[PDB]
Structure formats: structure tokens, C-alpha cells
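Everything on this sheet refers to the single structure shown next.
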2 protein chains.
Amino acid sequence: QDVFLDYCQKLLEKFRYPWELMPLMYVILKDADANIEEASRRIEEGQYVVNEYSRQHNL
Amino acid sequence: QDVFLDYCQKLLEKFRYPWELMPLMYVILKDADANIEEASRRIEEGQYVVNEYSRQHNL
């Protein structure tokens, strides 16, 4: 549990998120079975999809 | 895909997050197969766990 929250903080820091988003890092990493690489890839996919939805809709 | 992003925005708004966190709503809701109730429950679990780790560690 303690180590898991350590990975959560690593993920948080990689993406320059504030501590208030630790709950979201918890969910994403738990969903990915504590696979930090896969969690990172997933966040990058979200960032892409959101960015392009915005660009392709005048945002 | 368009409707999926509307659900992501509904989840974003429920938890009072700014637009910048849409990528995280995308991941969590995708992981939950677009089940918004389950996405909510999971974020609530993360909120509990993080809050409890903080309280039980002087934060």
C-alpha cells in the first residue's frame, strides 16, 4: 500500500500535477495494476484525444 | 467517441475539475468501460485512500 502510493506520487510528478490529484493517480494506477509505464501511456492517450477533440471543434 | 467525451465532461463537472484534467477523466472512464457510476465510485475510493494516508501520516 505504502509502495503503491509512492508510484502514485511518481506518476503525479511526471505529469506535473498538484497533490490534490493523487486520488486520480490512485485510480489510474490501480486500473493498470500498478504498471507505471502503462498508466503513463494511457494518460498520454487521453491528452492526445482531448487535444484533438478541442482542435477539431474550435477550442 | 463524441458522446464518450460528453460523459468525460459530465464526470469532470461532477467532481468540479477544470478542463485541463479531461485527459484523466478519459482514462478513468475508458478503464471503467464508460460506466460513470463505477468511475465515480473509483474516484471516491482514491479520495478516501489518499485522505487516510495523509491523516495517518501527519499531513
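Scheme for the C-alpha cells: letters A, B, ... for chains in order shown; per-chain residue numbers from 1; ligand numbers from 1 in order shown.
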
For chain B, work out the contacting residues on chain A at 9 Å, counting only C-alpha atoms, and write them as a ChimeraX atom specification.
/A:2,5,21-28,31-32,39,42-51,53

Fit chain B to chain A, all Cα atoms paired in order, least squares. Then write it as a PDB file with C-alpha atoms, in the first residue's frame.
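So result00.pdb came out as:
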```pdb
ATOM      1  CA  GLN B   1      -0.069  -0.032  -0.067  1.00  0.00           C
ATOM      2  CA  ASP B   2       2.676   2.364   1.095  1.00  0.00           C
ATOM      3  CA  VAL B   3       4.795   1.574  -1.963  1.00  0.00           C
ATOM      4  CA  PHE B   4       1.728   1.846  -4.222  1.00  0.00           C
ATOM      5  CA  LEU B   5       1.167   5.412  -3.014  1.00  0.00           C
ATOM      6  CA  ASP B   6       4.848   6.170  -3.680  1.00  0.00           C
ATOM      7  CA  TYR B   7       4.278   5.032  -7.286  1.00  0.00           C
ATOM      8  CA  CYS B   8       1.171   7.254  -7.421  1.00  0.00           C
ATOM      9  CA  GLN B   9       3.336  10.175  -6.328  1.00  0.00           C
ATOM     10  CA  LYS B  10       5.957   9.308  -8.963  1.00  0.00           C
ATOM     11  CA  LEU B  11       3.193   9.380 -11.622  1.00  0.00           C
ATOM     12  CA  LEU B  12       1.819  12.655 -10.195  1.00  0.00           C
ATOM     13  CA  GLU B  13       5.265  14.256 -10.413  1.00  0.00           C
ATOM     14  CA  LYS B  14       5.968  12.965 -13.935  1.00  0.00           C
ATOM     15  CA  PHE B  15       2.914  14.824 -15.255  1.00  0.00           C
ATOM     16  CA  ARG B  16       3.483  17.850 -12.979  1.00  0.00           C
ATOM     17  CA  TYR B  17       0.197  17.572 -11.115  1.00  0.00           C
ATOM     18  CA  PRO B  18      -0.529  18.975  -7.677  1.00  0.00           C
ATOM     19  CA  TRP B  19      -1.123  16.765  -4.616  1.00  0.00           C
ATOM     20  CA  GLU B  20      -4.932  17.295  -4.861  1.00  0.00           C
ATOM     21  CA  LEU B  21      -4.910  14.939  -7.874  1.00  0.00           C
ATOM     22  CA  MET B  22      -3.365  12.011  -6.029  1.00  0.00           C
ATOM     23  CA  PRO B  23      -6.872  10.346  -5.960  1.00  0.00           C
ATOM     24  CA  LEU B  24      -6.839  10.354  -9.782  1.00  0.00           C
ATOM     25  CA  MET B  25      -3.301   8.853  -9.916  1.00  0.00           C
ATOM     26  CA  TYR B  26      -4.517   6.177  -7.519  1.00  0.00           C
ATOM     27  CA  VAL B  27      -7.380   5.213  -9.810  1.00  0.00           C
ATOM     28  CA  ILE B  28      -5.358   5.234 -13.018  1.00  0.00           C
ATOM     29  CA  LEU B  29      -2.440   3.316 -11.508  1.00  0.00           C
ATOM     30  CA  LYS B  30      -4.767   0.828  -9.725  1.00  0.00           C
ATOM     31  CA  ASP B  31      -6.619   0.231 -13.046  1.00  0.00           C
ATOM     32  CA  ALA B  32      -3.210  -0.399 -14.636  1.00  0.00           C
ATOM     33  CA  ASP B  33      -2.220  -2.927 -11.952  1.00  0.00           C
ATOM     34  CA  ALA B  34       0.585  -0.628 -10.753  1.00  0.00           C
ATOM     35  CA  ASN B  35       2.179  -0.629 -14.211  1.00  0.00           C
ATOM     36  CA  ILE B  36       3.521   2.913 -14.346  1.00  0.00           C
ATOM     37  CA  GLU B  37       4.564   2.743 -18.018  1.00  0.00           C
ATOM     38  CA  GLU B  38       1.052   1.684 -19.002  1.00  0.00           C
ATOM     39  CA  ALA B  39      -0.537   4.354 -16.751  1.00  0.00           C
ATOM     40  CA  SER B  40       1.654   6.913 -18.554  1.00  0.00           C
ATOM     41  CA  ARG B  41       0.712   5.646 -22.000  1.00  0.00           C
ATOM     42  CA  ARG B  42      -2.953   5.837 -21.093  1.00  0.00           C
ATOM     43  CA  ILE B  43      -2.698   9.440 -19.829  1.00  0.00           C
ATOM     44  CA  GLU B  44      -0.860  10.296 -23.055  1.00  0.00           C
ATOM     45  CA  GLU B  45      -3.739   8.808 -25.055  1.00  0.00           C
ATOM     46  CA  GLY B  46      -6.235  10.886 -23.085  1.00  0.00           C
ATOM     47  CA  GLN B  47      -4.109  13.992 -23.689  1.00  0.00           C
ATOM     48  CA  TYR B  48      -4.114  13.270 -27.451  1.00  0.00           C
ATOM     49  CA  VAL B  49      -7.831  12.571 -27.697  1.00  0.00           C
ATOM     50  CA  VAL B  50      -8.890  15.632 -25.704  1.00  0.00           C
ATOM     51  CA  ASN B  51      -6.421  17.931 -27.538  1.00  0.00           C
ATOM     52  CA  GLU B  52      -7.659  16.631 -30.915  1.00  0.00           C
ATOM     53  CA  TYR B  53     -11.362  16.967 -30.061  1.00  0.00           C
ATOM     54  CA  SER B  54     -10.636  20.537 -28.970  1.00  0.00           C
ATOM     55  CA  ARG B  55      -8.627  21.479 -32.094  1.00  0.00           C
ATOM     56  CA  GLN B  56     -11.214  19.850 -34.388  1.00  0.00           C
ATOM     57  CA  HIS B  57     -14.053  21.784 -32.678  1.00  0.00           C
ATOM     58  CA  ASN B  58     -12.576  25.319 -32.352  1.00  0.00           C
ATOM     59  CA  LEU B  59     -11.181  25.366 -28.804  1.00  0.00           C
TER      60      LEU B  59
END
```

From chain A, collect each residue whose DSSP state is alpha helix (DSSP H) and return the set as an MDAnalysis selection string.
chainID A and resid 2:14 22:31 36:55

Using N, CA and C atoms, can you write the selected residues to a file as a compact mmCIF listing (two decimals), in the first residue's frame?
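Final output, again_28.txt:
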```txt
# COMPACT_ATOMS: atom_id res chain seq x y z
N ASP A 2 1.87 1.27 0.88
CA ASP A 2 2.81 2.38 1.01
C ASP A 2 3.60 2.58 -0.28
N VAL A 3 4.07 1.48 -0.87
CA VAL A 3 4.81 1.50 -2.14
C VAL A 3 3.91 1.93 -3.32
N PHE A 4 2.68 1.45 -3.32
CA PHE A 4 1.72 1.87 -4.32
C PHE A 4 1.54 3.39 -4.34
N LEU A 5 1.40 3.99 -3.17
CA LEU A 5 1.22 5.45 -3.09
C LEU A 5 2.51 6.16 -3.52
N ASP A 6 3.66 5.54 -3.26
CA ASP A 6 4.89 6.02 -3.88
C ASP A 6 4.86 6.06 -5.42
N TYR A 7 4.38 4.98 -6.07
CA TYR A 7 4.25 5.03 -7.52
C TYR A 7 3.25 6.13 -7.90
N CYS A 8 2.18 6.30 -7.13
CA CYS A 8 1.21 7.35 -7.44
C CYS A 8 1.87 8.71 -7.46
N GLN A 9 2.73 8.97 -6.47
CA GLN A 9 3.44 10.25 -6.42
C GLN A 9 4.44 10.41 -7.58
N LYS A 10 5.05 9.31 -8.02
CA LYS A 10 5.93 9.38 -9.19
C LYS A 10 5.17 9.77 -10.43
N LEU A 11 3.96 9.21 -10.56
CA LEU A 11 3.14 9.48 -11.70
C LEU A 11 2.69 10.93 -11.67
N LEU A 12 2.31 11.39 -10.49
CA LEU A 12 1.86 12.75 -10.26
C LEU A 12 2.93 13.74 -10.70
N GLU A 13 4.15 13.45 -10.26
CA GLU A 13 5.26 14.34 -10.51
C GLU A 13 5.64 14.36 -11.99
N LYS A 14 5.57 13.21 -12.65
CA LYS A 14 5.92 13.11 -14.10
C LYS A 14 5.08 14.06 -14.92
N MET A 22 -3.78 13.34 -6.45
CA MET A 22 -3.38 12.00 -6.03
C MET A 22 -4.51 10.97 -6.14
N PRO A 23 -5.75 11.31 -5.71
CA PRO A 23 -6.86 10.32 -5.90
C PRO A 23 -6.96 9.83 -7.32
N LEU A 24 -6.74 10.70 -8.32
CA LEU A 24 -6.87 10.29 -9.75
C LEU A 24 -5.70 9.42 -10.18
N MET A 25 -4.50 9.73 -9.65
CA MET A 25 -3.35 8.86 -9.90
C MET A 25 -3.58 7.47 -9.30
N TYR A 26 -4.19 7.43 -8.13
CA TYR A 26 -4.57 6.18 -7.49
C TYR A 26 -5.47 5.36 -8.39
N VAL A 27 -6.52 5.97 -8.91
CA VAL A 27 -7.44 5.22 -9.77
C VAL A 27 -6.72 4.70 -11.04
N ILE A 28 -6.00 5.58 -11.73
CA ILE A 28 -5.36 5.18 -12.97
C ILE A 28 -4.34 4.07 -12.74
N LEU A 29 -3.50 4.21 -11.72
CA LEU A 29 -2.53 3.17 -11.45
C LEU A 29 -3.19 1.88 -10.97
N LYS A 30 -4.25 1.99 -10.16
CA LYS A 30 -4.90 0.74 -9.71
C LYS A 30 -5.50 -0.01 -10.93
N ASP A 31 -6.12 0.74 -11.83
CA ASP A 31 -6.71 0.17 -13.03
C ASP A 31 -5.63 -0.53 -13.88
N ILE A 36 3.29 1.46 -13.99
CA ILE A 36 3.50 2.89 -14.20
C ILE A 36 3.69 3.24 -15.68
N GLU A 37 4.40 2.39 -16.42
CA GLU A 37 4.54 2.64 -17.86
C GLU A 37 3.20 2.65 -18.60
N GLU A 38 2.34 1.67 -18.33
CA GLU A 38 1.06 1.63 -18.97
C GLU A 38 0.17 2.79 -18.51
N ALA A 39 0.23 3.12 -17.22
CA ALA A 39 -0.54 4.29 -16.72
C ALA A 39 -0.11 5.55 -17.46
N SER A 40 1.19 5.73 -17.63
CA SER A 40 1.70 6.89 -18.38
C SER A 40 1.19 6.90 -19.84
N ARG A 41 1.26 5.74 -20.52
CA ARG A 41 0.76 5.64 -21.90
C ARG A 41 -0.72 6.01 -22.02
N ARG A 42 -1.50 5.56 -21.03
CA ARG A 42 -2.91 5.83 -21.02
C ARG A 42 -3.19 7.33 -20.84
N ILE A 43 -2.44 7.98 -19.94
CA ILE A 43 -2.62 9.41 -19.72
C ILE A 43 -2.24 10.15 -21.01
N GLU A 44 -1.17 9.71 -21.66
CA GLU A 44 -0.77 10.32 -22.94
C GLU A 44 -1.84 10.16 -24.01
N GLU A 45 -2.50 9.00 -24.07
CA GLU A 45 -3.63 8.82 -24.99
C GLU A 45 -4.79 9.77 -24.69
N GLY A 46 -5.13 9.90 -23.41
CA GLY A 46 -6.15 10.87 -23.04
C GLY A 46 -5.80 12.29 -23.47
N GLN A 47 -4.52 12.64 -23.31
CA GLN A 47 -4.05 14.02 -23.58
C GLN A 47 -4.19 14.24 -25.07
N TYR A 48 -3.80 13.25 -25.85
CA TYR A 48 -3.98 13.33 -27.29
C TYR A 48 -5.45 13.49 -27.71
N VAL A 49 -6.30 12.56 -27.30
CA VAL A 49 -7.72 12.60 -27.66
C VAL A 49 -8.38 13.92 -27.30
N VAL A 50 -8.14 14.41 -26.09
CA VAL A 50 -8.76 15.66 -25.64
C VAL A 50 -8.27 16.83 -26.48
N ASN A 51 -6.95 16.89 -26.69
CA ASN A 51 -6.32 17.94 -27.51
C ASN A 51 -6.90 18.03 -28.91
N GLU A 52 -7.11 16.87 -29.54
CA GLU A 52 -7.61 16.82 -30.92
C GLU A 52 -9.11 17.08 -31.07
N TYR A 53 -9.89 16.64 -30.08
CA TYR A 53 -11.30 16.96 -29.98
C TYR A 53 -11.47 18.47 -29.91
N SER A 54 -10.61 19.11 -29.11
CA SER A 54 -10.60 20.56 -28.96
C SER A 54 -10.25 21.25 -30.27
N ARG A 55 -9.08 20.92 -30.83
CA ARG A 55 -8.61 21.49 -32.10
C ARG A 55 -9.61 21.31 -33.25
```
